[PDB]
Each structure stands twice: as structure tokens, then as C-alpha cells.
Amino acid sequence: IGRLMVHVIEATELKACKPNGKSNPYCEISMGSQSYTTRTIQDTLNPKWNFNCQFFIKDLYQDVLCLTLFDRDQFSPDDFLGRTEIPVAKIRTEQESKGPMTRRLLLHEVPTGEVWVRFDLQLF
């Protein structure tokens, strides 16, 4: 029924995981069985990925886009740096209201951190 473009631009003020006070962050972008992962950027709390990906939308009123951030360093597990979720229905109504703006999304389940993303929903 449509296609959702997700532009994961950057994140700011991420949680530190390494002894030097930095992290090596990556972002996973998922919606049911579909997922993408950004590259890991070394030694930053403010990674700029400029990563673009596309999702097929099956159910406008059920589909939920998730962004989950992780640290990737020499030790397992990859440390959780927060998550945010956005129903595709909300993307649709935000796009109608505000046009193609960059959204800053607060990360939940972590103490600090925001992810900057632009959505483009094209419904057939």
C-alpha cells in the first residue's frame, strides 16, 4: 500500500560506553521483518551516519517503525543506547501537517540521546 523512506541523519548526546567517555554508535531501523543497520562510527557521542533506507508498508494502521541505538566496542554485549518507535500512521499525519521536516526523536530506555531523522511516506 506504500513505501516509507527513512533518512537517519545523526544522533546527538548519546550515552558513553568506553573508558575514554565516548561510544562507537550504530543504529538499527526496523519494522516487522524488515531491518537495516547503519555503520558504526568510532569514538563519538554525536555520530553522523547519513544513512538512507526504504520500507514496504503493509498495514498503515498497524506498522511501527523502530530505531534502536547500540554501542559496538571490543566487548560483548553491544551496549543499549536507547530506542524510539513511531507508528506509520503518525508519520502520515505529521507529513500532512508539517511537510518534509527533520524530526528530532528522544531516545527512551536510556538516560540521554536524540536521533535526527526525516521520513518520507509515499502511499499508493
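Each residue number is its position in the shown sequence, starting from 1.
- Taking the mean C-alpha B-factor of each stretch as recorded, 75 to 83 and 46 to 54 are not equal, and the higher mean is that of 75 to 83.
- The PDB entry records a higher mean C-alpha B factor for 15 to 23 than for its counterpart among 15 to 23 and 101 to 109.
- Highest C-alpha temperature factor among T68, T37, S33, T93, as the PDB entry reports it: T93.
- Looking at the C-alpha B-factors along this chain, the one for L4 belongs to the middle third.
- Among all modelled residues in this chain, the alpha-carbon of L60 has a temperature factor (C-alpha) in the highest third.
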